[PDB]
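In the form deposited without ligand ADE, a lone chain appears below as structure tokens.
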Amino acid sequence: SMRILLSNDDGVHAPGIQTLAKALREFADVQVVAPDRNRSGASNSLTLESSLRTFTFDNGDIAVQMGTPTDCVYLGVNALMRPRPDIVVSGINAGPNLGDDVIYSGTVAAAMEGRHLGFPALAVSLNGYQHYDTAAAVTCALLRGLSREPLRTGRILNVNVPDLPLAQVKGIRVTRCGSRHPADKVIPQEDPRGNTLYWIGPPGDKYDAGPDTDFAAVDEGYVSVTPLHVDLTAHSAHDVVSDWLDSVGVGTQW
């Protein structure tokens, strides 16, 4: 019987995470360890300068004080949940995590943090705010599915679900991350004393959102499943960087 570490990114009381927990407690033992306040825009952010305070609740749900999504699952796996989870699922998130985004996503990061357990970790995001209903069903399918048969390759599955009633989601689709044009907008806004403060503001237009992409999938009406890894090496850049090095003679006398 599956042991589930359920975290998320929107906080221990987000409709997203609570819904998923009810659905999952139907066939698995779930233990929630989530951050205490919506703070999305954390990435694989990790509290290193300070220790972490824990708070447990009425049920058994833990919230990490000021804790980051990676904070949560990390504490969850090596201290807080015992016996250890078999999987971590990163609880239904209010809003997409597609393309370039994924690198900055706290919800993707919680999943990435469970890349080492018996089962692949699931990140789950709704594109919108209404049909949490649907994302739960999708996750359960994915989960019963792992339980009859283990997946031999891919330790992070990044799922996004369209904001449509289950009956209208056309299927699911294995995808690749898309990309936007480089973001560059900064919105200045000035404080009552004259000084300029800056907002980061909105991401670039969609660049590669062709047929193979997670963007196209969701746009079409499919669950989009992207397998993620954690090796950022640009392997094909290799010889070029080496020729360069030799060409200009850094690291060499000759």
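Residues carry their position along the shown sequence, with the first being 1.
K.L.:
Taking the mean of the C-alpha B-factors per stretch from the entry, tell me the winner out of 160-168 and 145-153.
P.N.:
Higher mean C-alpha B-factor: 145-153.
K.L.:
Mean C-alpha B factor from the entry: is it higher for 186-194 or for 36-44?
P.N.:
Here the higher of the two C-alpha B-factor means belongs to 36-44.
K.L.:
Looking at the temperature factor on the CA atom of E49, which third of the chain's modelled residues does it land in?
P.N.:
For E49, the deposited C-alpha B-factor lands in the lowest third.
K.L.:
Per the entry's values, where does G76 land by CA temperature factor relative to the rest of its chain, in the lowest, middle or highest third?
P.N.:
Tercile = middle for this residue's CA B-factor.
K.L.:
Which third, lowest, middle or highest, does the C-alpha temperature factor of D9 belong to within its own chain?
P.N.:
Tercile = highest for this residue's CA B-factor.
K.L.:
By the recorded C-alpha temperature factor, relative to the other modelled residues in its chain, which third is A111 in?
P.N.:
For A111, whose C-alpha B-factor we compare with every modelled residue in the chain, the answer is the middle third.
K.L.:
Mind checking which third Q130 falls in for C-alpha B-factor across the chain?
P.N.:
Tercile = highest for this residue's CA B-factor.
Beyond the structure shown, there is the form deposited with ligand ADE bound, which is absent from this document and is the topic of what follows.
K.L.:
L197: heavy atom within 4.5 Å of ligand ADE in the deposited complex?
P.N.:
No, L197 sits far enough from ligand ADE in the deposited complex that none of its heavy atoms falls within 4.5 Å.
K.L.:
Are any of the heavy atoms in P202 no more than 4.5 Å from a heavy atom of ligand ADE in the deposited complex?
P.N.:
Within the cut-off, so yes.
K.L.:
Answer for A137 alone: is it within 4.5 Å of ligand ADE in the deposited complex, judged on heavy atom distances?
P.N.:
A137: no contact with ligand ADE in the deposited complex.
K.L.:
Do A183 and ligand ADE come within 4.5 Å of each other in the deposited complex, heavy atoms counted?
P.N.:
It does: once ligand ADE is placed as it appears in the deposited complex, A183 has a heavy atom within 4.5 Å of it.
K.L.:
Among 224-232, 202-210, 57-65, 27-35, which stretch has residues whose heavy atoms lie within 4.5 Å of ligand ADE in the deposited complex?
P.N.:
Residues of 202-210 come within 4.5 Å of the partner.
K.L.:
If you look in the deposited complex, which residues in 89-104 sit within 4.5 Å of ligand ADE (heavy atoms)?
P.N.:
Contacting residues: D101, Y104.
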